[PDB]
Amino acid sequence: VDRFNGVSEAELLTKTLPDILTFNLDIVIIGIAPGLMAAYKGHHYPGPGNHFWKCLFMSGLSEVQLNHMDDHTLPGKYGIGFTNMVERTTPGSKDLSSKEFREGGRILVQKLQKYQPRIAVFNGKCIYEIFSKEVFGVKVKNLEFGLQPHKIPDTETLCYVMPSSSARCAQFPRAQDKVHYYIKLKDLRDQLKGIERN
């Protein structure tokens, strides 16, 4: 019944979740749109069932199990930042229109060209499908997860796609089913950093 401690869903729809972006980041996690719990909390991925923080720990991207309250520590401590394709608070990915997504893509690509992280991680396959068509003018028959073959225009930022950390998708039913992509992201990060160090 009451999931928001007496706060209405209509009020949460007016709230926004701030980005956590700085220069020289290794990774920027790009969500689809903040959900009601993130709007409520004012922090990234607070959903008790969301797999994000558990996959970050299980993959070794964090040495201890962190939570949504740690999100502002991620740039300085781990080289990780956060943004979303669509800024607007939304219950789920199915409530977003094509226009909202394409407006989001344009704003997103400008953010990435400003902050130029080593890797732009799309936390959700649906947003990369829109982004690729809008930014690179490419629609492939079978879009795959993992490292994509185009850099953000005018930057060296790579594009890496993972299934959404939301526990809504049945195709990757557990955090265990998504951790392969976080491990591969860690490996890609370590390789990029090692190449720059040498």
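Just count from 1 along the sequence shown to find any residue number.
Between the stretches 147 to 155 and 22 to 30, it is 147 to 155 that shows the larger average CA temperature factor. Looking at 129 to 137 and 168 to 176 together, the entry lists the larger mean B-factor for 129 to 137, computed on C-alpha atoms. Considering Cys55, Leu36, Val64, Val161 together, the PDB entry gives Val64 the largest C-alpha B factor. In the PDB entry, a CA B factor belonging to the highest third of its chain's modelled residues is recorded for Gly60. In this PDB entry, the Cα temperature factor of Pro75 sits in the middle third of its chain's modelled residues.
Ranked within its chain, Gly105 lands in the middle third, by CA B factor from the PDB record.
In the PDB entry, a CA B factor belonging to the middle third of its chain's modelled residues is recorded for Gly92.
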